[PDB]
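Remarks on the structure that follows.
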2 protein chains.
Amino acid sequence: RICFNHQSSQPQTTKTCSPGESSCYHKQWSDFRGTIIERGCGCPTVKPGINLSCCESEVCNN
Amino acid sequence: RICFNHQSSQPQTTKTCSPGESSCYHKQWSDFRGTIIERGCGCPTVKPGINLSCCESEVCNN
């Protein structure tokens, strides 16, 4: 599985996930800077209020 | 939980999921006609070749 791992509006970067991993994630919140996005491999648990998205296809998390 | 349940780029419609359901889904594939989007409550099982995205927030599946 290949997942995007770039932050917010940065130039797109990718990461090859560890074997057995079939999910990519998109985590969004806000700070003084504006809209923040964290991307990676997997599907982590987030604190209430944080928007989370998980997908199961190559570079599905833009 | 409230999720979008409209197809492709058709007028937006939502659906009230059953209690306990915290997920919304976004499934995308391409038939002879091209890109097709399907939305709803939960996070269903999908066939290989169809891109599934599940999110956990109100009408998160646009």
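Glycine gets a Cβ as well: all are built from the backbone with ideal geometry, and neighbour counts include every protein chain shown. Read the figures in this text as sums done on the coordinates, not as results from a lab.
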Determine if region B:27-38 includes at least one residue that is aromatic (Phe, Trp, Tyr) and in contact with a strand residue (DSSP E or B) (Cβ under 8 Å, 6 or more places away or on another chain).
yes
In region B:23-62, which residue that is farther than 16 Å from A:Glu56 by Cβ and facing another protein chain (nearest Cβ under 10 Å) is surrounded by the fewest Cβ atoms within 10 Å (Cβ to Cβ)?
B:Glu58
